[PDB]
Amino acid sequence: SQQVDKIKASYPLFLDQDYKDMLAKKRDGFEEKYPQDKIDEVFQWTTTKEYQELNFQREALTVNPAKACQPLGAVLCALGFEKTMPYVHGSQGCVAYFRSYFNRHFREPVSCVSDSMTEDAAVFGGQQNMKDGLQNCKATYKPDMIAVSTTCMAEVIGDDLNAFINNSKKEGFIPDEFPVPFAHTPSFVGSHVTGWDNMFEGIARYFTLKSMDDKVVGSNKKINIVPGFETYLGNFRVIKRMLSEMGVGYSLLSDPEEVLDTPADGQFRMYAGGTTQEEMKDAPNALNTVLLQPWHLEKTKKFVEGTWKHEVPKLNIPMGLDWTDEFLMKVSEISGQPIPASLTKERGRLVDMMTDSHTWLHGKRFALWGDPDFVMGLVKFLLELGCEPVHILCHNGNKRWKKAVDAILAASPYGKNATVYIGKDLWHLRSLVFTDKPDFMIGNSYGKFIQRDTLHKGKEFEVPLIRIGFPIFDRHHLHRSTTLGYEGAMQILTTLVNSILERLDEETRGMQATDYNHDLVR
């Protein structure tokens, strides 16, 4: 039933007695459900060290991964170029998923096409799909560039993208000089971040490989900036802001911040902003190229060093205090521009905040996950804050990356109780937060189910989730945030300390029980 004045959606409608009774009858009559005592027994067992040991012996099963597949990253990379349509050669179901996954994170349109290969293409390959698909896409959506990646069907069948695109041009389906950069993006190698690297390197090659003879390193007086797979608008923005404040000439290569944040003013804009073709063509004339997320830009780095002859600096992601300092000092060295008073002051304001909030942060224990560079930057900043990053999970991390993070942990006493895990998933992480309970998780929306599980054991075992990463689907507009630079560090510090204080308020809200410590001032 409903009362028209106070309509109930699913929560709390199904708590009404008649729905409760109905659901009990369904269960008892037809579900042949395990008895509640057995459910409780099994739940309890899943929280144990014995279960954790079996869990960590998995070799074949993955449960609740913390990574996605290559073409997702190729699509994001492609979106960052002016008037560019991402185009995934292969199966259309993939494109529905890539679009939806980003739609839910950004709360924005996400434009991407498929060439709709079907089973029939197993005989002959996807060449005709590429010919019609490129012609159709260009005519219909009027991109200035089509950036091509692949789904796993196309990779298994072995379609030669280069040849298929060349033949499309030879036979007149798209103009000879129309830009169609490409990359093979197999979902069974690496992860979404690998797809980004592959896509970027393909676009870089397309615009520069054949034209190197007139290029002179440093001649355009700029620094190229490659952001990698990045899903916070504030991160593209803060980098451009800092460089502009310093008077540093730069080119941000793959810049989706406009197309992922168009105004609602009565028109839909399929394309907005983005890195220009002129910027990509001129990129080898930069002084150098800086990689913001080097641990997933390894192919790009080899191309930039091998072909552009840029001496790519060994810089970590600009996250936290030390690594933002290092990024700015290196940019100063390369560009000849001093670090300006504005940035020096901003740095000092972050340090002020650290001094103001250190007592509540000190010794706090975190479980955390995400992509390799984000994770290592979060670890570094947590150590700078006097926090203990005890469970560090990077499903898509590698052995060399893990050695680097273990070395960072070694340089700080706050690293003493920390372990780095690669190849492990959120079902592994779930065990760790039961058996070696931290204060908080820092992770994406999939962490909510871990928080749920921990509360079920009891309130005293609950590990609250702090949402930083990708995807974040259950809160609104967090994609506008910043994690890089001093601004990002200020945002992260603020979120962390207030999460601590929110939880403390919850724990001290009990009248005449715990509210002796429900302080007005903290």
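Residue indices: 1-based, along the sequence shown. By rigid core we mean the largest C-alpha set that fits within 1.5 Å across both forms.
Superposing on the core and measuring CA offsets in 4 other deposited structures of this protein, the stretch of 115-123 and 288-296 with the greater mean deviation is 115-123. In this entry, the higher average B-factor at the C-alpha atoms falls on 200-208, of the pair 441-449 and 200-208. Between 154-162 and 333-341, it is 333-341 that carries the larger average Cα temperature factor according to the deposited entry. In this entry, the residue among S111, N288, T359, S254 with the greatest C-alpha B factor is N288.
Highest CA B-factor among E487, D474, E462, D28, as stated in the entry: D28. Split the chain's modelled residues into thirds by C-alpha temperature factor. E502 is in the lowest one.
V4 sits in the highest third of its chain by CA B factor, as recorded in the PDB entry. The PDB entry assigns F470 a C-alpha temperature factor belonging to the lowest third of its chain's modelled residues. Remark: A66 belongs to the lowest third of its chain, ranked by C-alpha B-factor as recorded. Placement of the Cα temperature factor of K215 within the chain: highest third of the modelled residues, per the deposited record.
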